[PDB]
């Protein structure tokens, strides 16, 4: 519409200085007001009622801290390791298809750049359905030290996927995240309303993963596990890791929040030793360092964010991604000091209050008449004159 130019007004010049960005929600607001209707619908949408999408975040709020005091926290280290490599931050940029919807000029290349340019380098998971080619995304990387993982959607035509694995493996990607939570559609009504899957094989099986292991040296991570039973199965077929995720609530609605599954899983993996034999990642609904800290405290090897970095890139490009990185990086550090720990390893569950972790409620319907007619108290107002 002509209103695209109304956005050009917002977008151009009116965007606040990247330094004036205080948190990840700021990137989201700016994005909702500048991104094209198609882009925004695709980025911000979840499946159906978007309950799980939102529930992913809400669940973090069922966990409170039990911080230690009078501990020397002058020095604090947040670097850790993931899938064999050493990472500067305990978080990473998750796979998001069609980044050119928000970043028409550079797409995933600006993400690749933003992730490995600055002082801090974040692992970037590359989407099978990215707007750019795996070649130009891996080449865009400004650091030999930065990590890039590849998200795999196995094709119905396995020959195509067979080659893909070969190509990205050759291109140097450090690992393979095969997305198992998107066999079907996962209706995005926000997008649908706007218009007014052969690439994804609906027949993937544990046997196929068993065969994927033979066709690659790259660490394999089954992205999209939604139950402890499958985390165990992953360990059984011996894959490198698993990502407790529900696709950011873009797939099955009423899928539990990954953090809630994490809390259930780890203890079982610990009462079976599998703890060290399987790297459990977790994503969806993470917007603050404190969220990352709860996941890390429960056992997650690393925590992933999708939409925040997506919105950052769609507003400020490569630099926004770096700003987002710094932001989340500083939040993890400061809150760590306040928790009384100086390293990621020291991040244990004993620092968490999980007593209300299952206070996932649904009250009874509001009494509209009683509360409508009721007049609440008031603050003492100023003199008129």
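Positions refer to the first chain, counted from 1.
According to the record, the deposited sequence contains 10 or more residues between residue 196 and residue 197 that were left without coordinates. Higher mean CA temperature factor between 148-156 and 166-174: 166-174, per the PDB entry.
Between 249-257 and 110-118, the higher mean Cα B-factor belongs to 110-118. Considering 312, 71, 244, 192 together, the PDB entry gives 192 the largest C-alpha B factor. Looking at 126, 101, 274, 297, the one whose CA carries the top B-factor in the deposited record is 274. Per-chain ranking of the deposited C-alpha B factor places residue 363 in the lowest third.
In the deposited entry, the Cα temperature factor of residue 265 sits in the middle third of values across the chain's modelled residues.
In this PDB entry, the Cα temperature factor of residue 236 sits in the top third of its chain's modelled residues, the highest group. Residue 320 sits in the middle third of its chain by CA B factor, as recorded in the PDB entry. Residue 288: CA B factor in the lowest third of modelled residues in this chain (values from the PDB entry).
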